[PDB]
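Data block below; observations after.
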Amino acid sequence: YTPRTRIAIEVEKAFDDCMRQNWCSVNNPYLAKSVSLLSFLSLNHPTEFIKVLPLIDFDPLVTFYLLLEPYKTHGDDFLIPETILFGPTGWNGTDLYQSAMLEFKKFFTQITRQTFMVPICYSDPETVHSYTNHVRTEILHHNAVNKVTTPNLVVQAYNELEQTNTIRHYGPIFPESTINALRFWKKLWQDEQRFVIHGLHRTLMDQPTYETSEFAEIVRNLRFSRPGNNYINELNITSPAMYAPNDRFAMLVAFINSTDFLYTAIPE
């Protein structure tokens with residue numbers, strides 16, 4: 001449908017293949033494209049590499065969709081601009097692989113001070129997880145766990161990081177490039193997608209037998225329910241306006257309790 005859609009469909013057909021042929025190697029074409037894209041900005045646009053590095057996921061399938069956003073047709077707030085991806089100086093999806101899993105893991109090793117040369121995500125990413133632990137304890141153990149209270153508290157934590165770049169009033173967590181790229185509850189939209197796609201991907205890979213029906217449901221989720229056209233109204237588990245309902249609240253408690261809550265990338 002678009003150049004963004006073309007690469008995704010090719011990767012999805014390649015993933016459906018590798019799963020059938022030999023269960024791939026975790027994510028196989030998603031890993032190649034994630035690393036291909038992740039080596040391109042590192043070599044060619046270090047400011048955009050710095051902007052999105054704290055947001056990359058160890059699940060390369062999740063990283064692929066959070067970076068490309070191939071089904072986003074509404075808005076011009078792509079995480080990485082269309083010019084950098086498909087323009088005359090664009091990536092256009094050309095493979096930049098060799099030792100792909102080695103290359104992917106080495107990307108997380110780059111979350112350091114020297115790479116930025118300062119946000120706490122680059123200086124002390126372990127300390128950022130300490131701050132998010134405090135917020136997690138505050139919401140789940142220091143407040144009422146209600147349909148009325150908990151959804152509002154999750155948005156407030158993302159709100160503080162959005163406009164003040166702080167967690168527990170300690171900052172700066174991210175670069176300002178990263179902050180302005182996550183305006184209007186986009187990070188909460190990213191992190192619910194993390195939690196949802198993580199669960200279905202983990203389930204897909206844990207099963208004995210591969211069935212294309214389950215991989216299609218993951219793709220159907222990213223196309224029709226979380227395409228990226230409108231972040232706050234694509235919120236489901238984390239939407240306070242949405243509060244079957246207690247099943248939804250169950251995933252909210254699990255999301256806060258997960259590492260996808262206020263997600264930040266760390267070396268290991």
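By convention here, the chains of the structure tokens are called A, B, ... in the order presented, each chain's residues are numbered starting at 1, and ligands are numbered starting at 1 in the order presented.
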
Surrounding residues of residue 123 of chain A excluding itself and chain neighbours under 2 positions, 9 Å, only C-alpha atoms, as a list in words | residues 111, 112, 113, 114, 116, 118, 119, 120, 121, 125 and 127 of chain A

Using only C-alpha atoms, which residues sit within 10 Å of residue 229 of chain A once same-chain residues fewer than 2 positions away are excluded, as an MDAnalysis selection string?
-> chainID A and resid 69 71:78 224:227 231:234

For segment 40-105 of chain A versus segment 172-186 of chain A, which residues have an atom no more than 9 Å away, and what is each residue's nearest atom pair and distance in Å rounded to one decimal, using only C-alpha atoms, chain-then-number order, as JSON lines?
```
{"residue": "A:47", "atom": "CA", "partner": "A:177", "partner_atom": "CA", "distance": 8.1}
{"residue": "A:48", "atom": "CA", "partner": "A:177", "partner_atom": "CA", "distance": 8.0}
{"residue": "A:50", "atom": "CA", "partner": "A:175", "partner_atom": "CA", "distance": 8.0}
{"residue": "A:51", "atom": "CA", "partner": "A:178", "partner_atom": "CA", "distance": 4.9}
{"residue": "A:52", "atom": "CA", "partner": "A:178", "partner_atom": "CA", "distance": 6.6}
{"residue": "A:54", "atom": "CA", "partner": "A:174", "partner_atom": "CA", "distance": 7.5}
{"residue": "A:55", "atom": "CA", "partner": "A:178", "partner_atom": "CA", "distance": 8.7}
{"residue": "A:77", "atom": "CA", "partner": "A:181", "partner_atom": "CA", "distance": 7.4}
{"residue": "A:78", "atom": "CA", "partner": "A:181", "partner_atom": "CA", "distance": 8.2}
{"residue": "A:79", "atom": "CA", "partner": "A:181", "partner_atom": "CA", "distance": 6.2}
{"residue": "A:80", "atom": "CA", "partner": "A:181", "partner_atom": "CA", "distance": 8.9}
```

Mind dumping the selected residues with C-alpha atoms as a CSV table (one decimal), in the first residue's frame?
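Below is the file that was written, part-v3.csv:
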```csv
chain,number,residue,atom,x,y,z
A,47,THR,CA,21.2,11.7,16.0
A,48,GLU,CA,18.3,9.5,15.1
A,50,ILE,CA,20.6,8.2,19.6
A,51,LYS,CA,17.0,9.2,19.6
A,52,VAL,CA,15.5,5.7,19.3
A,54,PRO,CA,16.7,3.7,24.4
A,55,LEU,CA,13.4,2.5,22.9
A,77,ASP,CA,4.8,12.0,13.5
A,78,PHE,CA,6.7,8.9,12.4
A,79,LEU,CA,9.4,7.9,14.9
A,80,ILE,CA,12.0,8.0,12.1
```

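Minimum distance to residue 259 of chain A across A:133, A:188, A:93, A:205 (counting only C-alpha atoms) occurs at A:133.
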
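Counting from atom CA of residue 3 of chain A, the distance to atom CA of residue 85 of chain A is 9.3 Å.
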
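What separates atom CA of residue 158 of chain A from atom CA of residue 108 of chain A is a distance of 23.1 Å.
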
Within segment 40-215 of chain A, find each residue whose DSSP state, derived from the backbone, is helix (DSSP H, G or I), and express the selection as an NGL selection string.
-> :A and (40-44 or 46-55 or 60-68 or 82-86 or 100-109 or 113-116 or 120-123 or 125-141 or 150-164 or 176-180 or 186-206 or 212-215)

Keeping only C-alpha atoms, write the selected residues to a file as a compact mmCIF listing (two decimals), in the first residue's frame.
```txt
# COMPACT_ATOMS: atom_id res chain seq x y z
CA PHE A 40 21.90 2.40 8.96
CA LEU A 41 21.07 5.24 11.37
CA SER A 42 24.13 4.43 13.51
CA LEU A 43 26.36 4.86 10.45
CA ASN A 44 24.38 7.52 8.59
CA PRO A 46 23.74 9.23 14.59
CA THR A 47 21.23 11.71 16.04
CA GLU A 48 18.29 9.50 15.06
CA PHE A 49 20.18 6.43 16.29
CA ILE A 50 20.62 8.20 19.64
CA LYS A 51 16.95 9.21 19.60
CA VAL A 52 15.54 5.68 19.28
CA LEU A 53 18.25 3.52 20.90
CA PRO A 54 16.71 3.73 24.43
CA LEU A 55 13.44 2.49 22.87
CA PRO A 60 13.35 -7.83 17.34
CA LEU A 61 9.78 -8.32 16.10
CA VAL A 62 8.62 -5.62 18.52
CA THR A 63 11.60 -3.44 17.58
CA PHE A 64 10.77 -3.80 13.88
CA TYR A 65 7.22 -2.44 14.20
CA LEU A 66 8.05 0.26 16.75
CA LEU A 67 10.76 1.60 14.43
CA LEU A 68 9.14 1.32 11.00
CA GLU A 82 10.03 9.18 5.78
CA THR A 83 12.96 11.09 4.28
CA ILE A 84 15.50 9.07 6.29
CA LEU A 85 13.73 5.80 5.39
CA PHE A 86 12.48 6.03 1.79
CA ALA A 100 22.84 -10.48 12.71
CA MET A 101 22.30 -11.74 16.26
CA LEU A 102 25.83 -10.62 17.17
CA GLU A 103 25.02 -7.22 15.66
CA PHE A 104 21.67 -6.90 17.45
CA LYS A 105 23.04 -7.65 20.92
CA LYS A 106 25.96 -5.27 20.33
CA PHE A 107 23.45 -2.45 19.75
CA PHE A 108 22.29 -2.70 23.37
CA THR A 109 25.94 -2.64 24.47
CA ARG A 113 27.84 7.78 28.04
CA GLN A 114 30.48 7.75 25.29
CA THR A 115 27.88 6.88 22.65
CA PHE A 116 25.85 9.99 23.51
CA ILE A 120 20.21 8.94 32.54
CA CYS A 121 19.22 6.26 30.02
CA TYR A 122 22.74 6.58 28.59
CA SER A 123 24.63 7.35 31.81
CA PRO A 125 20.31 2.76 32.62
CA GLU A 126 20.20 0.42 35.62
CA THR A 127 19.34 3.42 37.80
CA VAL A 128 16.42 4.27 35.50
CA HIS A 129 14.95 0.83 36.23
CA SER A 130 15.31 1.68 39.93
CA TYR A 131 13.15 4.78 39.44
CA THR A 132 10.52 2.83 37.51
CA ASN A 133 10.47 0.24 40.30
CA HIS A 134 9.56 3.00 42.76
CA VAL A 135 6.68 4.12 40.53
CA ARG A 136 5.53 0.51 40.15
CA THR A 137 5.49 0.02 43.92
CA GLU A 138 3.68 3.35 44.35
CA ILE A 139 0.86 2.46 41.94
CA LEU A 140 0.38 -1.18 42.97
CA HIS A 141 1.10 -1.00 46.72
CA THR A 150 -4.87 2.82 38.57
CA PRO A 151 -5.44 3.78 34.88
CA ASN A 152 -5.17 7.47 35.77
CA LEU A 153 -1.94 6.87 37.70
CA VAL A 154 -0.28 5.07 34.77
CA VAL A 155 -0.96 8.01 32.44
CA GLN A 156 0.34 10.49 35.03
CA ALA A 157 3.66 8.65 35.22
CA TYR A 158 3.99 8.84 31.43
CA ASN A 159 2.84 12.48 31.58
CA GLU A 160 5.67 13.47 33.93
CA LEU A 161 8.27 11.91 31.63
CA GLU A 162 6.59 13.48 28.58
CA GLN A 163 6.77 17.15 29.57
CA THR A 164 9.43 17.18 32.33
CA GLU A 176 15.11 15.74 24.10
CA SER A 177 15.07 14.21 20.63
CA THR A 178 13.38 11.19 22.26
CA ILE A 179 11.02 13.34 24.36
CA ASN A 180 9.64 15.41 21.48
CA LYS A 186 2.91 7.88 22.15
CA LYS A 187 5.23 6.11 24.60
CA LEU A 188 2.27 4.63 26.48
CA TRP A 189 0.97 3.49 23.09
CA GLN A 190 4.37 1.94 22.37
CA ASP A 191 4.61 0.21 25.75
CA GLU A 192 1.16 -1.37 25.58
CA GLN A 193 2.11 -2.67 22.14
CA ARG A 194 5.27 -4.03 23.79
CA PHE A 195 3.22 -5.85 26.43
CA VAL A 196 0.61 -7.22 24.01
CA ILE A 197 2.95 -8.29 21.21
CA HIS A 198 5.39 -9.75 23.75
CA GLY A 199 2.69 -12.05 25.12
CA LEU A 200 1.47 -13.28 21.74
CA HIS A 201 5.01 -13.63 20.36
CA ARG A 202 6.16 -15.57 23.43
CA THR A 203 3.10 -17.80 23.09
CA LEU A 204 3.71 -18.28 19.36
CA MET A 205 7.32 -19.37 19.88
CA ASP A 206 6.59 -21.53 22.95
CA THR A 212 0.02 -19.66 10.42
CA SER A 213 -3.29 -18.75 12.09
CA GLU A 214 -1.53 -17.50 15.23
CA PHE A 215 1.09 -15.46 13.38
```

Between atom CA of residue 251 of chain A and atom CA of residue 237 of chain A - distance in Å to one decimal |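 It comes out at 6.4 Å.
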
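Surrounding segment 12-18 of chain A within 9 Å are residues 24, 25, 27, 28, 29, 30, 212, 215 and 219 of chain A, with only C-alpha atoms counted and residues fewer than 6 positions along the same chain left out.
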
Looking at only C-alpha atoms, which of A:170, A:249, A:91, A:255 is the one that sits closest to residue 36 of chain A?
-> A:91

Distance criterion (only C-alpha atoms): nearest to residue 256 of chain A out of A:235, A:7, A:145, A:167 |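 Nearest to residue 256 of chain A: A:145.
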